[PDB]
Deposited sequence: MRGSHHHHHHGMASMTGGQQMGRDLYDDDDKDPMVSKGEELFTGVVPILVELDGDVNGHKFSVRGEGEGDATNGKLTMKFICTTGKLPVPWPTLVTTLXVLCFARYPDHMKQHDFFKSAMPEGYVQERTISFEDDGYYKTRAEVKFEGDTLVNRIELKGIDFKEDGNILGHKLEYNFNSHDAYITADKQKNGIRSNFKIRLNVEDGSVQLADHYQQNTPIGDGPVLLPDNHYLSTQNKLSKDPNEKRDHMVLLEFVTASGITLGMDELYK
């Protein structure tokens, strides 16, 4: 638990990406309410058209806002690392297609929780579901198993995401994640547990740019 999260906290997300040579940038702003595990964001592609589908970026674009209920009485690694924060890295593999590599730093800059990301995408098919924009504009609910990484004083998670394809099939995006603390402050390593996430994606009717409006709920649970 952390006193930095008892109220509503402004959020800034900055992503620089390069997928098969197609460079782009995303900036998001919003706020987070860890007491209810809730966040609300609006993201904008500041370089023009986004060359990948927005649902492929949801997981990359702040787990410190999860709600850890009292009855679990579990250590919250993500908040205990704050204000200095942590590095979050992922490989994301798309079935029968290319993959993302991401490195992000999540930390306070002033009163704002910042998620600053570098993303690189490799070996995508120019008319697969990703570069061909064949994915539905939505996002399913999922659970992710969190385990302690004692040797790196951090955590790991491997989890799958089912992405809805416009032909009615699903395409799996398998995620492989590591988080390590920034600085040398003491952090709480948790026992194994789950984070449960639900998302709602929408559009702003007065927004001309390529954008995504996002509502997300994150709750710890399990075992």
- Task: Walk along the deposited sequence from position 1 and note every stretch that has no C-alpha coordinates.
- Result: 1-37, 99, 262-270
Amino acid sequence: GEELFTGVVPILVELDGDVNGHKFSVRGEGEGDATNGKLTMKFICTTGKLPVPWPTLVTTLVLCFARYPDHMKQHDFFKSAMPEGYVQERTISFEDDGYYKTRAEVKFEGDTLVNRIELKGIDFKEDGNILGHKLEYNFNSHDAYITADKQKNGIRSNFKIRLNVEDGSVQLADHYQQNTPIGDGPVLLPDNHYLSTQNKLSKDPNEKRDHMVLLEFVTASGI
From here on, numbers count along this sequence of modelled residues.
- On mean C-alpha B-factor from the PDB entry, just flag whether 115-123 or 148-156 is the higher one. 148-156
- Message: Quick check: 72-80 versus 94-102, which has the larger average CA B-factor in the record?
- Response: 72-80
- Going by the CA temperature factor in the entry, name the top one among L61, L50, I161, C64. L50
- Task: Could you look up the Cα B-factor of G32 in the entry and say which third of the chain it sits in: lowest, middle or highest?
- Result: lowest
- Task: Taking the values exactly as deposited, rank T197 by C-alpha B-factor within its chain and report the matching third: lowest, middle or highest.
- Result: middle
- Would you check the entry's CA temperature factor for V87 and let me know if it's in the chain's lowest, middle or highest third? lowest
- Relative to the other modelled residues of the same chain, rank the CA B-factor of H133 and answer lowest, middle or highest third. middle
- Task: Rank-wise, by C-alpha B-factor, drop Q178 into the lowest, middle or highest third of its chain.
- Result: lowest
